Amino acid sequence: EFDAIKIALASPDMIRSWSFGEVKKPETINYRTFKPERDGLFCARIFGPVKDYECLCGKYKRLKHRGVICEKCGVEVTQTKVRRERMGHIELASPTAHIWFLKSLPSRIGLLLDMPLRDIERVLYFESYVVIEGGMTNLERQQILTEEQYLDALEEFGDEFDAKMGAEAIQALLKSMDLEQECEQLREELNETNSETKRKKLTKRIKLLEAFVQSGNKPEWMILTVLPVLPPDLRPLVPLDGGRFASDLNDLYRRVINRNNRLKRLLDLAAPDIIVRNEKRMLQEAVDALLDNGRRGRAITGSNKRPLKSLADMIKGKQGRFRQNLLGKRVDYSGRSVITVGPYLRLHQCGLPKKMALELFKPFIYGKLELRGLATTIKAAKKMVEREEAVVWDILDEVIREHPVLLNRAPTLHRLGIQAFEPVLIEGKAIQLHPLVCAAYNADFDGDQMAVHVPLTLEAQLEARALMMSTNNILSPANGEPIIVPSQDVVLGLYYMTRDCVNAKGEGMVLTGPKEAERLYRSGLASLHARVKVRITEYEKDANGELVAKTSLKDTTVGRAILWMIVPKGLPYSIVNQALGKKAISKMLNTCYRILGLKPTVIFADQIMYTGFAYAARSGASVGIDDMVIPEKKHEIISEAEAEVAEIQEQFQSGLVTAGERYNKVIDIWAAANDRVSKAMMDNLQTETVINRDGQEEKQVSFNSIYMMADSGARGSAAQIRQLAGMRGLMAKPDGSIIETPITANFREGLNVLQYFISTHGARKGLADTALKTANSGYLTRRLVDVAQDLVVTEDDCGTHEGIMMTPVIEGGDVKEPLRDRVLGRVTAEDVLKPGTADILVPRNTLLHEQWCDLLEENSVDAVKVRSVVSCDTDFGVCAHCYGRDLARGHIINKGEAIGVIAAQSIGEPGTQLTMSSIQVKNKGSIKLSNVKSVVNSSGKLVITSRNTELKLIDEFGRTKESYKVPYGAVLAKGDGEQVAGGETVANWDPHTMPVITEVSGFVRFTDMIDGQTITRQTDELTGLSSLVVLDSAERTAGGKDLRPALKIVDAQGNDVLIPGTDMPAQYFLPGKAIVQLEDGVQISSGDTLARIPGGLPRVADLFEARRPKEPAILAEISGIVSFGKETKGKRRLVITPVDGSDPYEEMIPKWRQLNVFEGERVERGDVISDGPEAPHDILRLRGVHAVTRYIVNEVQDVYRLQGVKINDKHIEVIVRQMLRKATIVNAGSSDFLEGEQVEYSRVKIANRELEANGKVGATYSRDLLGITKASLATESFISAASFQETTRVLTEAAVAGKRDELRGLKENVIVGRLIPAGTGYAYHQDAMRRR
Amino acid sequence: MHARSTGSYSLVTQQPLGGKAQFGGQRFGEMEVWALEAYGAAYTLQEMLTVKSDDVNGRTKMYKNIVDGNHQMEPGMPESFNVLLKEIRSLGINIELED
DNA sequence: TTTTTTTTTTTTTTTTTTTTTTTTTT
DNA sequence: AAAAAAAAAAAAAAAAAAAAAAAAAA
Ligand SMILES: [Zn+2]
Ligand SMILES: [Zn+2]
């Protein structure tokens, strides 16, 4: 309908434009009759008639006279709605100061005039003075005076000089100030002045002044001269049940009117200066309390001693209108009850108890009734329906013929927790709910009470049936897996289908088709499953969307062939020819959707449900005590473990071992025994079925119910069945330390008092942790949504060439996430270059869906440059191509559809599910190295002279299937560009001790080694060959402190050896506390040692907050040769000298850290200095946007994968992009924004973009990595901030800025109550945007 | 079991009451608001929080549509926006709509 | 003479500020 | 060697999770 709301400062002309009268008298109501008073708080002509089209005099009650005013009472005959709307005003003889700017803190006025707040406060309340146009006097223009020095000024300068007091003086000051000169002088001071406090206050002053210049407001408007007054209806006078009239705003306005009238009367009578001073002070205080009571000192009171309510109160606090009525409300036409299944229903449809239908649709039934004319009047229709007469049910069916409704759950974590369905009228008193969707609702049938809502407008029906419909909601938003996977029971039946018994009825014949297979099964002539060749037909779509029907014999189980019918035509048979695990069936649905679209998937899933339930009933799948088996070896294994622990305890008693070591070995052997028991029982379970084959004997997979359950993946896991049959492992204590004695017994047998007691400790710890985790996950999810409420898709394509690089992930072991998953559904930024080089494998800006991804996979594409949202160049939004596929839908994301909310919600949903040496290369491939700087040691092996080195095993194809981080000086049996057999130990090293391996070879002279002052001669008591020991700084004398321990290699001639690539000698300095092994007169080989140098959900939350770690891993700010600086000035100083750049940057370090780099090393920026936790912000400002984003996504993905839940990275991409929206300027350039000024990225981006579009230059900036909560605070949407914990500062800033608040943003549209500019409304809004 | 179609409004605000002892209605939470926002469904959220929890023309005309058999809404604008706007106007604040 | 006002019969967290210490230049 | 600016670390102040009778003023 309209566009961005505009805020600004009120003006007296604006005020009188809005107002339509003055309340010159303080009366409210006659209180003898019920008529009002003329020009009172309730007035007729000023506001309007109390009643509908009735003059107060009563001259014109007729609609014909609408609009024309009477003359007896001068009342415009009109609806009383005008009274709700018409403002008013009060003329103020003296200017009144606006309290909001007086105590905004930072007070706008105090710092606009550049004046302290105490002084201006004293001046306002009429106990001081202020110089106005001081000119050629002994008095500064800004100076304040008091009574005695006011008299002094009168004496010396009773002439032209003028000094005033109070709000009138402040108004004169505000009129007598200049804007452009202030900007000029302040800019000059900022350019020249170099005091940081001065710089800060000046940038604040200049930003405010230049904004106000940008604003059309005038400073005197900050001073009130005419006071607007509320319409009477919004300040109602409610008569209680008796002769009494209880709103305090009426009292405040009455007091203000009385004070103003008395001030006018005194001025007419010309009361002395002190009396008018006091009256003005009282009027100012009255206006202040009216606006803000309690903002000033001790507030006025209401009833007895309790404070009354002011306008700020009306707007602030929980009772404030934003927090009062824009929040979780209650809803009519809503219901709730506990839920049941009714499996015979369909996922496109839901149950609903008949009574709920009766009460919910009363107006609908009334409309259909009066349409049929069964009872014309509404009251009779109400009587008919409450009587529950016969015909009403026909009407109910008619209205329910097509009228979907919303079903909801209380803990609405992810968006499927609300969902649209078609009701069917069901008897009873509980809601039948479709089975599979419950898993999406994660709502067990423990007694969960779900609620129900009903859309009203046909557009809402369209939205529900088109958007919130189960048919339209089959895949998760977090990722593409079908959320409709069957959960626990029907999966058992299907597993029972596709499993073979070697010999039974119906084993060893042939069938022409599945139909006779079902016929024979139902006959009981054949078993449910047996290997049998049967002819089946498939219908393949390899052609250009054309069916090809082929047929052939296939060996299969009877149940499997019976299942084949339910498959749609498109799919093949190999997919069903397996055991059909939960993952297997999940990918079955995945294939069905990916090949045959949606409706065939829906029908297929429905029939899967029905048939699997039916045949699970046929199964008689049971469970019994005998069905669990305890291997006899459990007794023997436990006996062996008891003997071993007794032996180790005796060994400890013998003193060979310690208590700690004793306990460690004991728990190790207990765990090993438990593993043996687990293997024994699993073998006993899986293949227990040993039977004749129709011959002698055969062993097959077991048909015990428990193994069918576990292997089917219906419920549980290996650990739980391990608990059921065997020992339930080792329990920890409340302190968390694992207990020495495991749970020797198992559940099937009895558990002693103690084992149950400890298990209860553990379980209760888990329960309390679950409760705490629930609360914390809820709070964190709240944070994630509120930070990301704004972001929305607004453009298709940013036309950007720039994107992220995506590769598989290897932590130092197996690849944990492949390239196919990370890249799917995403539009490539750069084309794919296969290693058939000079091959554009795919276009440059195309979406990558499953067929393309598989093409890439078989093409062995390892690293792909893909578009990302962070790289999006969308002004005030995001480009669709930057975002790629909209998961939960097939097509690319559509225009307008917002994604921040769904991203936050998806990432937050599993917050409940979260938790609160040497290397043996396995694969065979050639050796590649990264960050490579190595040398052949004396022994001939390859050692690495680069800390950040990493080894890749280039596979036979060419891709890096294995990657491992190589520490320093590692032992390599091979080298780069060579071949290593699979399973050959090349990666090995000594993790302890930091080596002093030498780059070059030559005599090792004592260059700068002072004995007895710098180093000490410590003798070894084992062999005899001692070693010089370098002390630390503090232990030695200060004289030896500066004397460095240096090891300079020299050739046979004694001259320095020039290291290749440079001329500096091979000096190898040492740190403190270093044992210098070698001595003078010894030549060394290359790579030879010289001396012996001695998480859960909160983690994710901190990563969002990006909190600095306890000991950050310091990185190199700037590239260049490193060097040491001043020593022990609290911290040691390092300086990097770029070879050509500027050196003087120095960095302090607490030298107690185990440093990494040597003194004479030349490095690139963003290079680790101290090792440990890594901050994000350093990565941003040194590596860049891509590095920090990649780290964050990798870590969070690792966490969620560790917990077993998968989430698409794009959600983290968008939350990170929002997290970094702000930035700090580096230079103003041609732009007017100040140097250190902090500004939102998009603003300066568009600004310098347009500036460079002209001949002018842009500006330099630096993106800032702001914490999520801080970013939420720092948002241009002040309406959001107004509803965010405060109104005073927010509205002061908005008014002084006069910001035209974009409808962009999400909560704000809800807060004002207008439509979302995200979904349909977006499109609608565009029409409005097209209209304007 | 409990539901409601058209009962009494709360004294402090024109919103449905809650609970069973008093004939209230189900409570729509803010996470449910976020989920609605998650779906593209726009009119649903607006009417649910506006006419199913205010506008005199909106609810009256909805009654007329439903009794007439029409299923359609004039969204208009819910007067609470006007309450806030004129409250701000009473303050020395020039806040206004735009084209 | 009547009505309104004044007086007598809770703890935790965060942020803002101020003081002291440390670094730098004269 | 000494003065002054800047840093940061501690402290505390602010925010958020009742009726009856007498005196004074109109
Ligand atoms: Zn009249
Ligand atoms: Zn873009």
# chains A, B, ... in the order shown; residues from 1 in each chain; ligands from 1
>>> select_by_dssp(residues="chain B", states="alpha helix (DSSP H)", output="MDAnalysis selection string")
chainID B and resid 30:38 43:50 56:68 80:90
>>> residues_around(residues="segment 3-14 of chain C", least_positions_apart="4", cutoff="12 Å", atoms="only C-alpha atoms (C1' of nucleotides)", output="VMD selection string")
(chain A and resid 300 to 305) or (chain D and resid 12 to 26)
>>> write_last_selection(atoms="N, CA, C and O atoms (P, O5', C5', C4', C3', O3' and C1' of nucleotides)", output="compact mmCIF listing (two decimals), in the first residue's frame")
# COMPACT_ATOMS: atom_id res chain seq x y z
N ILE A 300 6.98 12.61 40.60
CA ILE A 300 5.69 12.87 41.22
C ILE A 300 4.97 11.54 41.39
O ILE A 300 5.36 10.54 40.79
N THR A 301 3.91 11.53 42.20
CA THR A 301 3.22 10.30 42.58
C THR A 301 1.78 10.33 42.10
O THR A 301 1.25 11.36 41.69
N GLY A 302 1.14 9.15 42.17
CA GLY A 302 -0.23 8.99 41.74
C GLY A 302 -1.20 8.77 42.88
O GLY A 302 -1.53 9.71 43.61
N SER A 303 -1.68 7.53 43.04
CA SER A 303 -2.76 7.25 43.98
C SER A 303 -2.38 7.56 45.42
O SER A 303 -2.94 8.48 46.02
N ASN A 304 -1.44 6.80 45.99
CA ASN A 304 -0.99 7.01 47.36
C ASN A 304 0.48 7.41 47.41
O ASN A 304 0.80 8.51 47.87
N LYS A 305 1.38 6.54 46.96
CA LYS A 305 2.77 6.92 46.75
C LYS A 305 3.35 6.25 45.50
O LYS A 305 4.55 6.42 45.23
P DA D 12 32.43 0.11 45.60
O5' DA D 12 31.09 0.85 45.12
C5' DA D 12 31.15 2.05 44.34
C4' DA D 12 30.01 2.10 43.35
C3' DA D 12 28.71 1.47 43.85
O3' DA D 12 27.57 2.15 43.35
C1' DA D 12 29.33 0.41 41.89
P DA D 13 26.89 3.34 44.18
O5' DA D 13 25.99 4.09 43.08
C5' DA D 13 26.58 4.50 41.85
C4' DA D 13 25.66 4.22 40.68
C3' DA D 13 24.19 4.01 41.04
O3' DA D 13 23.37 4.41 39.96
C1' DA D 13 25.01 2.03 40.10
P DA D 14 21.87 4.90 40.20
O5' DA D 14 21.09 4.35 38.91
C5' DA D 14 21.66 4.52 37.61
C4' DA D 14 21.29 3.35 36.71
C3' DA D 14 19.84 2.89 36.83
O3' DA D 14 19.28 2.70 35.53
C1' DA D 14 21.29 1.05 37.19
P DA D 15 17.73 2.29 35.37
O5' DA D 15 17.80 0.82 34.75
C5' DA D 15 18.69 0.55 33.68
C4' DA D 15 18.47 -0.84 33.12
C3' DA D 15 17.02 -1.29 33.06
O3' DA D 15 16.82 -2.16 31.96
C1' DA D 15 18.19 -2.59 34.68
P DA D 16 15.36 -2.75 31.65
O5' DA D 16 15.45 -4.26 32.17
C5' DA D 16 16.55 -5.08 31.80
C4' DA D 16 16.35 -6.51 32.27
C3' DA D 16 14.90 -6.97 32.30
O3' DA D 16 14.81 -8.37 32.01
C1' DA D 16 15.74 -6.93 34.51
P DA D 17 13.38 -9.07 31.77
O5' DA D 17 13.39 -10.30 32.79
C5' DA D 17 14.48 -11.22 32.77
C4' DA D 17 14.59 -11.95 34.10
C3' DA D 17 13.32 -12.67 34.55
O3' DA D 17 13.62 -13.97 35.05
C1' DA D 17 14.01 -11.11 36.21
P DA D 18 1.14 -2.36 48.45
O5' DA D 18 -0.05 -2.04 49.48
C5' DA D 18 -0.47 -3.04 50.40
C4' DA D 18 -1.51 -2.49 51.37
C3' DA D 18 -2.38 -1.36 50.83
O3' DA D 18 -3.70 -1.46 51.37
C1' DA D 18 -1.10 -0.57 52.65
P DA D 19 -4.88 -0.46 50.93
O5' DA D 19 -5.45 0.05 52.34
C5' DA D 19 -5.66 -0.88 53.40
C4' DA D 19 -6.00 -0.18 54.70
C3' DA D 19 -7.02 0.94 54.56
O3' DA D 19 -7.83 1.01 55.73
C1' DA D 19 -4.91 1.84 55.24
P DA D 20 -8.99 2.11 55.86
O5' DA D 20 -8.41 3.13 56.95
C5' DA D 20 -7.76 2.62 58.11
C4' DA D 20 -7.41 3.74 59.07
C3' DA D 20 -8.42 4.87 59.12
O3' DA D 20 -8.49 5.43 60.43
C1' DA D 20 -6.36 5.68 58.22
P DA D 21 -9.55 6.58 60.78
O5' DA D 21 -8.64 7.85 61.07
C5' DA D 21 -7.50 7.73 61.92
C4' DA D 21 -6.70 9.02 61.94
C3' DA D 21 -7.54 10.29 61.94
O3' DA D 21 -6.93 11.28 62.75
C1' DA D 21 -6.19 10.24 59.99
P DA D 22 -7.69 12.67 63.07
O5' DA D 22 -6.63 13.78 62.63
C5' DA D 22 -5.27 13.65 63.03
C4' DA D 22 -4.39 14.67 62.32
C3' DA D 22 -4.97 16.07 62.26
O3' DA D 22 -3.94 17.05 62.38
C1' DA D 22 -4.76 15.21 60.05
P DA D 23 -4.29 18.62 62.41
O5' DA D 23 -3.67 19.16 61.04
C5' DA D 23 -2.36 18.76 60.65
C4' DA D 23 -1.95 19.42 59.35
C3' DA D 23 -2.41 20.86 59.20
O3' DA D 23 -1.45 21.62 58.46
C1' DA D 23 -3.48 19.52 57.56
P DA D 24 -1.69 23.18 58.15
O5' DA D 24 -1.88 23.21 56.57
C5' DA D 24 -0.98 22.48 55.73
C4' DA D 24 -1.39 22.58 54.27
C3' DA D 24 -1.85 23.96 53.82
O3' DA D 24 -1.49 24.18 52.46
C1' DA D 24 -3.66 22.45 53.64
P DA D 25 -1.57 25.65 51.82
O5' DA D 25 -2.56 25.46 50.57
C5' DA D 25 -2.33 24.40 49.64
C4' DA D 25 -3.52 24.24 48.70
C3' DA D 25 -4.08 25.55 48.15
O3' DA D 25 -4.60 25.35 46.84
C1' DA D 25 -5.73 24.49 49.45
P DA D 26 -4.55 26.52 45.75
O5' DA D 26 -5.98 26.45 45.05
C5' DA D 26 -6.48 25.21 44.56
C4' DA D 26 -7.97 25.06 44.84
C3' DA D 26 -8.82 26.28 44.45
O3' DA D 26 -9.62 25.99 43.32
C1' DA D 26 -9.43 25.38 46.61
>>> atom_distance(atom1="atom CA of residue 1083 of chain A", atom2="atom CA of residue 1064 of chain A")
19.0 Å
>>> residues_around(residues="residue 777 of chain A", least_positions_apart="3", cutoff="9 Å", atoms="only C-alpha atoms (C1' of nucleotides)", output="PyMOL selection string")
chain A and resi 772-774+780-782+908-912+914+1097
>>> write_last_selection(atoms="N, CA, C and O atoms", output="CSV table (one decimal), in the first residue's frame")
chain,number,residue,atom,x,y,z
A,772,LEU,N,18.9,-28.7,30.8
A,772,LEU,CA,19.7,-27.5,30.6
A,772,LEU,C,20.0,-27.2,29.1
A,772,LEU,O,20.0,-26.1,28.6
A,773,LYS,N,20.3,-28.3,28.4
A,773,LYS,CA,20.6,-28.2,26.9
A,773,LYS,C,19.3,-27.7,26.2
A,773,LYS,O,19.4,-26.9,25.3
A,774,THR,N,18.1,-28.1,26.6
A,774,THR,CA,16.9,-27.6,26.0
A,774,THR,C,16.8,-26.1,26.2
A,774,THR,O,16.6,-25.4,25.2
A,780,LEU,N,19.7,-19.9,22.4
A,780,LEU,CA,20.6,-19.6,21.3
A,780,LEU,C,19.8,-19.5,20.0
A,780,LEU,O,20.2,-18.7,19.2
A,781,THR,N,18.8,-20.3,19.8
A,781,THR,CA,18.0,-20.2,18.7
A,781,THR,C,17.3,-18.9,18.6
A,781,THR,O,17.2,-18.3,17.5
A,782,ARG,N,16.8,-18.4,19.7
A,782,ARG,CA,16.3,-17.0,19.8
A,782,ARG,C,17.3,-16.0,19.3
A,782,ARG,O,17.0,-15.1,18.4
A,908,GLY,N,19.6,-24.0,14.1
A,908,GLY,CA,19.3,-24.0,15.5
A,908,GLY,C,18.5,-25.3,15.9
A,908,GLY,O,18.5,-25.7,17.1
A,909,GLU,N,17.7,-25.9,15.0
A,909,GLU,CA,16.9,-27.0,15.4
A,909,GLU,C,17.7,-28.1,16.1
A,909,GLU,O,17.2,-28.6,17.1
A,910,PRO,N,18.9,-28.6,15.6
A,910,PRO,CA,19.6,-29.6,16.3
A,910,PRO,C,20.3,-29.2,17.6
A,910,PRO,O,20.9,-30.0,18.2
A,911,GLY,N,20.1,-27.9,18.0
A,911,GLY,CA,20.6,-27.4,19.3
A,911,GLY,C,20.2,-28.3,20.4
A,911,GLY,O,20.9,-28.4,21.4
A,912,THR,N,19.0,-28.9,20.4
A,912,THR,CA,18.6,-29.9,21.3
A,912,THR,C,19.4,-31.1,21.2
A,912,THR,O,19.8,-31.8,22.2
A,914,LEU,N,22.4,-31.6,20.1
A,914,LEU,CA,23.9,-31.5,20.3
A,914,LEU,C,24.2,-32.0,21.7
A,914,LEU,O,23.4,-32.6,22.4
A,1097,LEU,N,27.8,-27.3,22.4
A,1097,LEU,CA,26.9,-26.2,22.0
A,1097,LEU,C,27.5,-24.9,22.5
A,1097,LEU,O,27.5,-23.9,21.7
>>> residues_around(residues="segment 27-43 of chain B", least_positions_apart="6", cutoff="9 Å", atoms="only C-alpha atoms (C1' of nucleotides)", output="PyMOL selection string")
(chain A and resi 327-331+334+408-418+457+459-460+462-464+466-468+782+785+789+897-903+905+1306+1315-1322) or (chain B and resi 16-18+49+75)
>>> write_last_selection(atoms="C-alpha atoms", output="JSON list (two decimals), in the first residue's frame")
[["chain", "number", "residue", "atom", "x", "y", "z"],
["A", 327, "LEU", "CA", 4.44, -10.55, 20.78],
["A", 328, "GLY", "CA", 3.09, -14.07, 21.14],
["A", 329, "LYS", "CA", -0.66, -13.52, 21.47],
["A", 330, "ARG", "CA", -3.65, -15.85, 21.69],
["A", 331, "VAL", "CA", -5.85, -16.73, 18.73],
["A", 334, "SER", "CA", -8.07, -22.28, 17.64],
["A", 408, "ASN", "CA", 0.91, -27.11, 15.15],
["A", 409, "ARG", "CA", 3.06, -28.23, 18.07],
["A", 410, "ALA", "CA", 4.14, -26.20, 21.10],
["A", 411, "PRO", "CA", 7.95, -26.44, 20.78],
["A", 412, "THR", "CA", 7.96, -25.09, 17.23],
["A", 413, "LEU", "CA", 11.66, -25.53, 16.48],
["A", 414, "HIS", "CA", 11.73, -26.02, 12.70],
["A", 415, "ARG", "CA", 9.08, -24.81, 10.32],
["A", 416, "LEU", "CA", 7.45, -28.18, 9.67],
["A", 417, "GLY", "CA", 6.15, -27.87, 13.24],
["A", 418, "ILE", "CA", 3.33, -25.93, 11.59],
["A", 457, "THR", "CA", -9.29, -15.46, 3.57],
["A", 459, "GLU", "CA", -5.59, -16.05, -0.15],
["A", 460, "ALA", "CA", -4.63, -17.69, 3.14],
["A", 462, "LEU", "CA", -4.15, -20.64, -1.20],
["A", 463, "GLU", "CA", -0.99, -20.09, 0.84],
["A", 464, "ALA", "CA", -1.67, -23.09, 3.08],
["A", 466, "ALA", "CA", 0.23, -24.24, -1.85],
["A", 467, "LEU", "CA", 3.02, -23.63, 0.69],
["A", 468, "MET", "CA", 2.24, -25.30, 4.03],
["A", 782, "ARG", "CA", 16.27, -17.01, 19.78],
["A", 785, "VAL", "CA", 16.71, -15.79, 14.57],
["A", 789, "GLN", "CA", 15.56, -11.49, 10.83],
["A", 897, "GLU", "CA", 11.61, -15.50, -0.60],
["A", 898, "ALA", "CA", 13.56, -14.63, 2.53],
["A", 899, "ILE", "CA", 16.20, -17.08, 3.72],
["A", 900, "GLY", "CA", 17.77, -15.68, 6.89],
["A", 901, "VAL", "CA", 14.96, -16.90, 9.14],
["A", 902, "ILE", "CA", 14.88, -20.41, 7.69],
["A", 903, "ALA", "CA", 18.67, -20.57, 7.80],
["A", 905, "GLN", "CA", 15.93, -21.92, 12.33],
["A", 1306, "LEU", "CA", 10.99, -8.56, 9.01],
["A", 1315, "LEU", "CA", 2.49, -7.50, 5.32],
["A", 1316, "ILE", "CA", 5.75, -9.42, 5.11],
["A", 1317, "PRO", "CA", 7.85, -8.17, 2.13],
["A", 1318, "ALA", "CA", 9.14, -11.74, 1.71],
["A", 1319, "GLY", "CA", 6.59, -14.14, 0.23],
["A", 1320, "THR", "CA", 3.38, -13.22, -1.56],
["A", 1321, "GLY", "CA", 3.37, -9.78, 0.04],
["A", 1322, "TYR", "CA", 6.74, -9.03, -1.56],
["B", 16, "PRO", "CA", -8.46, -13.88, 22.97],
["B", 17, "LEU", "CA", -8.15, -15.13, 26.52],
["B", 18, "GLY", "CA", -6.38, -18.39, 27.37],
["B", 49, "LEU", "CA", -2.13, -11.86, 14.35],
["B", 75, "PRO", "CA", -6.33, -6.29, 5.02]]
>>> residues_near_ligand(ligand="ligand 2", cutoff="9 Å", atoms="only C-alpha atoms (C1' of nucleotides) and all ligand atoms", output="PDB file with C-alpha atoms, in the first residue's frame")
ATOM      1  CA  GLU A 795      17.680  -9.957  -6.813  1.00  0.00           C
ATOM      2  CA  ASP A 796      18.252 -12.905  -9.123  1.00  0.00           C
ATOM      3  CA  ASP A 797      21.894 -12.302 -10.037  1.00  0.00           C
ATOM      4  CA  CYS A 798      24.547  -9.951  -8.692  1.00  0.00           C
ATOM      5  CA  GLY A 799      26.550 -10.542 -11.876  1.00  0.00           C
ATOM      6  CA  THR A 800      29.634 -11.256  -9.763  1.00  0.00           C
ATOM      7  CA  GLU A 802      33.778 -14.024  -7.446  1.00  0.00           C
ATOM      8  CA  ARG A 867      29.120 -18.825  -6.003  1.00  0.00           C
ATOM      9  CA  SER A 868      28.382 -17.928  -2.393  1.00  0.00           C
ATOM     10  CA  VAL A 869      26.104 -15.501  -0.592  1.00  0.00           C
ATOM     11  CA  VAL A 870      29.012 -13.808   1.189  1.00  0.00           C
ATOM     12  CA  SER A 871      30.437 -12.884  -2.225  1.00  0.00           C
ATOM     13  CA  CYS A 872      27.036 -11.539  -3.296  1.00  0.00           C
ATOM     14  CA  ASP A 873      27.078  -7.943  -4.551  1.00  0.00           C
ATOM     15  CA  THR A 874      23.386  -7.370  -3.857  1.00  0.00           C
ATOM     16  CA  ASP A 875      22.643  -3.943  -2.407  1.00  0.00           C
ATOM     17  CA  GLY A 877      19.657  -8.106  -0.009  1.00  0.00           C
ATOM     18  CA  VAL A 878      21.157 -11.150  -1.705  1.00  0.00           C
ATOM     19  CA  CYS A 879      21.337 -12.388  -5.294  1.00  0.00           C
ATOM     20  CA  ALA A 880      19.586 -15.661  -6.072  1.00  0.00           C
ATOM     21  CA  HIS A 881      22.520 -17.042  -8.059  1.00  0.00           C
ATOM     22  CA  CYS A 882      24.684 -16.275  -5.032  1.00  0.00           C
ATOM     23  CA  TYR A 883      22.376 -18.511  -2.968  1.00  0.00           C
TER      24      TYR A 883
END
>>> residues_near_ligand(ligand="ligand 1", cutoff="9 Å", atoms="only C-alpha atoms (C1' of nucleotides) and all ligand atoms", output="PyMOL selection string")
chain A and resi 45+54-60+69-77
>>> atom_distance(atom1="atom CA of residue 387 of chain A", atom2="atom CA of residue 59 of chain B")
26.1 Å
>>> select_by_dssp(residues="chain B", states="strand (DSSP E or B)", output="list in words")
residues 2, 3, 4, 9, 16, 26, 27, 93 and 96 of chain B
>>> write_last_selection(atoms="N, CA and C atoms", output="PDB file, in the first residue's frame")
ATOM      1  N   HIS B   2      -9.795 -28.660  24.179  1.00  0.00           N
ATOM      2  CA  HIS B   2     -10.311 -27.311  24.326  1.00  0.00           C
ATOM      3  C   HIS B   2     -10.107 -26.562  23.021  1.00  0.00           C
ATOM      4  N   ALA B   3     -11.066 -25.705  22.690  1.00  0.00           N
ATOM      5  CA  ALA B   3     -10.951 -24.828  21.541  1.00  0.00           C
ATOM      6  C   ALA B   3     -11.848 -23.620  21.774  1.00  0.00           C
ATOM      7  N   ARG B   4     -11.922 -22.754  20.771  1.00  0.00           N
ATOM      8  CA  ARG B   4     -12.762 -21.567  20.826  1.00  0.00           C
ATOM      9  C   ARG B   4     -12.826 -20.975  19.428  1.00  0.00           C
ATOM     10  N   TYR B   9     -13.115 -10.993  24.761  1.00  0.00           N
ATOM     11  CA  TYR B   9     -11.804 -10.374  24.644  1.00  0.00           C
ATOM     12  C   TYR B   9     -11.294  -9.966  26.020  1.00  0.00           C
ATOM     13  N   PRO B  16      -7.799 -12.755  22.297  1.00  0.00           N
ATOM     14  CA  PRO B  16      -8.465 -13.879  22.966  1.00  0.00           C
ATOM     15  C   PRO B  16      -7.817 -14.198  24.303  1.00  0.00           C
ATOM     16  N   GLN B  26      -6.031 -20.726  21.940  1.00  0.00           N
ATOM     17  CA  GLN B  26      -4.656 -21.201  21.920  1.00  0.00           C
ATOM     18  C   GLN B  26      -3.690 -20.030  21.804  1.00  0.00           C
ATOM     19  N   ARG B  27      -2.515 -20.195  22.405  1.00  0.00           N
ATOM     20  CA  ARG B  27      -1.494 -19.156  22.433  1.00  0.00           C
ATOM     21  C   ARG B  27      -0.553 -19.350  21.252  1.00  0.00           C
ATOM     22  N   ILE B  93       7.605  14.637  17.684  1.00  0.00           N
ATOM     23  CA  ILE B  93       8.210  13.755  16.697  1.00  0.00           C
ATOM     24  C   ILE B  93       7.393  13.847  15.420  1.00  0.00           C
ATOM     25  N   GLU B  96       5.802   9.972   9.902  1.00  0.00           N
ATOM     26  CA  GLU B  96       4.715   9.932   8.939  1.00  0.00           C
ATOM     27  C   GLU B  96       4.948   8.802   7.950  1.00  0.00           C
TER      28      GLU B  96
END
